[PDB]
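Two forms of a single protein chain come next, each set out by itself as structure tokens; they are called structure 1 and structure 2.
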Structure 1
């Protein structure tokens, strides 16, 4: 009773089927009639008829995106499905909206299609529709033909997205129940008082990309004639009292009318990126009309040809009492003084200040102490010196600073700047910084224990992509509370023959939990051993453990409390038995992937009683031990993908703790009865076997019966478990055979 070709999983008593990216020519008739959600996306399906979903009467959600990776849908093909609530038909090259859609539809997505006419024959009958997506249809068809009153009968429509279409004007006769109206990149150059007549429950309005400021856009960008901006009438948003989100990004706006926000007391998010509002930032009457605004974005509003000495922030900025995040990227100015940010120091909830990509040469860092609740100071891509159609295409939605860093406390990001060395006055007059990012600064500082004395409570320090010298035993030891140190891609700049690398600084830390020394080109150590009582995770990938491997046999033996160790990309051909035995016994996860290991001594796993995860992927191993149970009694996950293993030993499954065995992309031709003969019951939950040259002859029948007898062992990617021989069964799955 194993499902094929879908990976069926019971989620909240509703069986879902994941049949995506499986190279399916047609809709499969081998799907259980009890499934509710079906995902047939990224397949080569070309035709949809009224017999495709025959028998599956409990289908509440159908996904047919990117088919074929156009789609021919007959009239009333989905009409038989009386329980269909969600239908996704994105990127299907549909010329028109499918006629005969079921009335029980609540969410319809027709994004990235060739739909030029929005007619009543395919839309008006769908009165239960709550969400309607019609983006990227008549994008770059001179204009989208919207039938007058096509959305009138949809009295339950809460979301209408007509983005990236040649609309030219807001469609009239829209339902009053509309909560979110998306009109981004719609060529609507004029907004009138009558355009949004009866939208009293409208909480979101997106009018971005209309008369745009072309700044490295991922989609075509054509500005309005004569540098014109979007023409919004004085009383256009006078009836939208419940507006919370207003997106006016890339609208070439030069002046903001404060009268727009007179009847908008709940406006929480205002987007004004890619405009020409430098004058509005300096005076702005509209700043007094936004008392409940929490997110304000005025990024990339710079004036061409000018690089002002200071940022001109209006005193009216003090009237944004609810402000939490201020985004001011791309303003482009030379210096930030304490007096420039005076109208922001009294805002009680302002926790995020985004000043990235501003080319600031010097900052008066004492001004940050003047703030009350600052938690994120993002200053990346500046000049500080020593001492997807479902995406937000204008606002930076991803976390400015990594969540694992910001969780420790006050976060300051000084990455991609001109701090080529840590000056003596580098961090003076700074708040109590708990997260610091000095990444990609070409920093060649010879660390000695005094550089971070002004900010000694840094718990997460990111020093990636620099030329730092940390050979001194006192390096970084002034950060007594340091928990996470990131030194990835650190190329030493002052290498001493009998000194580099000297990792003695690590043992001084009483609370260092995670150390990342990846891609540091560590081929020699000098006190050669690494010791630490608090270290839990060490990343030593992209180093030269092959050159090191008898002075470096017990290299990580002193890390008595280490649970995670990454030894990938070290060019290891053969790990010495004495060196492997001297690895920390406390290890729970060991990653020796992407190396060149020809042999692995499985007997050595006896000295690691807590080892649950063993990663040996991307290697050249040919043999497996026939008595793995005699060496381990805790190994829950064993990853051996992309190896040269051609035979599974007798009783390899007969280790009890093993719940995940990955033998994909190997050289296994067949799984014989000796390897499957288990007297004791196995506890395996997942067995990956795709990418193997299986012989689909009578020899594979023994393993075929084991798959039917053991339905608890989930085998993923059944369509990728391909037979190499014979010519008749070549290409077919091992589950589809006599």
Structure 2
């Protein structure tokens, strides 16, 4: 049982996680076998040549964010560790590259420090370096007006594949870079001119990042100072003529008015070109460079809008048809009124185009017919446009800062088929022609359309094979038992955040339409504040697997004088996961709890106000693996759980007021694998494989020693976060983990 580091097996080596544990120095109680040590987010201030004694087998050390004054690393502190490959020293307030680093180093990271001098003394001996990260060092500091890069400091590094000097005031591409380089990151370097010579010899390079050099300002979470007179980056005609291996060019936020087609003459393999936050409305219209990119897969031209120009049409060159390899186009924030069928003629041939991103263009009209003309289109993303009803009579320094990195559409949605995201549009009601002349849509997002309409069950007729449907953040009036019945194939329905009309007494609430879905698996009714239904008072489905019922008023339903809702969930005969969280429940009528489906594997009733829980009733739930009761006001446990369940694997009781464990509890219940008793009022204790106890106010006075014995006996039971299992009393202990006491 390791302290204070949770030591774990990974492939063919032993990892130590000692992150975020208030450690004031490198623990010397680290396993002899360990090869990778994480000490990030701690309060360590000193690293001596004695800090890693008896640990010669370390290949990786992480010391990032230490402390939370500065980190003091002595000369040749690591030099003894002859097998050290990966050394991470980020956000340590380091004033110089620590001297005497081990020549075995392949990956060094010094991001977010006060390193102004990049010296031969520091790194020229590190001739095994593959990856060097030096970003965020001389970045808008008043002490340092330019990073000092000793001449030829990198040329000895003939194994260096990745160099990163992003977010440093360089002003000039450093000379004498090693030919070995595959990826050169120079984003936000204040480099305004790129010469013929700058990237000479770099004939192996696959990625170049010149982003944020002469920036166009928009939404960056770091400072944005445009080049004087809004001037673009000046890139010589031939600067990239020897870069024949380049796959990834990032020119985001360089204020480019014109793109020289010469730049791409000897670059036949370019796969991903990033042109976000430039002034290229012209070049998108009459693009020379579009002919030079036959192998391009990802193009991004987002936020190239002309300030104040709301053109009627988007002007797209016919040359866009010479992007034969294109898989994904990103045309966000161009800002235009209408997309005509003809405007997108150039794109209809491209055999591999799967993703069109027209987000944040404030488009009013789209000839939706034009989306049938596309071979392998999987993702139509139109979020933040102005599609009306149709009737017609603090940040991650490692992130990609200029590109949408996460999926445009939830993978769980896209999985089903062609995905259409019309979220944050103006479809205030679904018009009769709303989805006419549309491919077979599988995945549809109508989230946040200020839609507050009634559903007759004839809105989705033109796209009847929708499987995943998001109607979240609307004010839909569920006034009709026919609502959504036209969608027979439907498997996932998200009605989250439609509370408006569910709160209103002067309108009926019909949820019977659920019953008509033979294929429906997952229904989300979170945050609808449901307090009544009319006519049919039970939810019923033979198919449904998961119901989210959180943020509703079961408190009101299960306290109906005529017990109308006592079996609201029973008719869900195939339900395995039910979420009753945030329903303001104080007491659950035994009858009502006994009418929860017998099929339940996983029941969440967390974040209510339960004082009592009739453990007896678990007898009626023989498939129940997981019970979540966290964040209630529970006081009492059964003292005979074994009599009530043979099924229960995981029991979560975090954030209750439990002060005493029954004598026969921890022992017995052979099914129980995971028990969570963290953040309770346990003063002392007095098969399983995880036991959480952190945040309990333990009396550390001899009586505890009995439990401390049991921890040493049962080592198979993982007690996580031992650092946070603290003594409340007595006064001299108030602070120590309960693994610090003696026996006297």
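Residue numbers count along the first chain shown, from 1. Only residues modelled in both forms are compared. We call the rigid core whatever largest set of C-alpha positions still superposes within 1.5 Å between the two forms.
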Check your understanding: Any idea which of 499, 454, 597, 345 has its C-alpha shifted 2 Å or more between the two structures with the rigid core fixed?
Key -> 499
Check your understanding: If the rigid core is lined up, how many Å does the C-alpha atom of residue 35 shift between the two structures?
Key -> 0.4
Check your understanding: Core overlaid, residue 471 C-alpha shift between the two structures, how many Å?
Key -> 2.9
Check your understanding: For residues shared by both forms, which stretches of 3 or more shift their Cα by 2 Å or more between the two structures, once the core is superposed?
Key -> 491-501
